[PDB]
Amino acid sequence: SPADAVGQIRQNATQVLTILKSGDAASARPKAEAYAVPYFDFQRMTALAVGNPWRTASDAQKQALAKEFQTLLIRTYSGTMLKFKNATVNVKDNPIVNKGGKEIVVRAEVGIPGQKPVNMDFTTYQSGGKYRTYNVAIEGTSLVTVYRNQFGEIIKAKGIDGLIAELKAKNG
């Protein structure tokens, strides 16, 4: 049911935060990343970042884009997680249902001491018995679609293979 999504996000948030402030950072950050990874659908998330060109890409191109984008996202935000590891989370008890009920958005209030709270919206769908997240928004801004313009400019100039090659170079 839709309420299961809220419960799972609450558990995910509790687990991630527990891992982060329970060990040395050098090992706790990798453990938190690895715990969180299978709860994201990076293929759907990459489709959202790339936009319309995603549908034209071959399977080999889609998979390469999703792999490199997952790595980019993890490098971009992993240290940021650790910075805010002492956060309060309050998950809005009711979720938002979209797309005929195939898409469940769970909202969470995240409180960093000294900071105004931010809405963190997780756009999920049911896969198996769990809910997997393919969009994350903070203060109403997606962390995912924010790449659409730049990825679009790279694709027009350099193609889907050019974007793949670009991401691979950014990931060092």
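Heads up: residue numbers just count along the shown sequence, starting at 1.
Looking at mean Cα B-factors across 124 to 132 and 64 to 72, the upper value is held by 124 to 132. In this entry, 105 to 113 has the higher mean Cα B-factor, the comparison being between 134 to 142 and 105 to 113. Among the modelled residues of its chain, residue 5 has a C-alpha B-factor that falls in the highest third, as given in the PDB entry.
Among all modelled residues in this chain, the alpha-carbon of residue 158 has a temperature factor (C-alpha) in the lowest third. Per the PDB record, residue ranking by Cα B-factor puts residue 164 in the lowest third of the chain.
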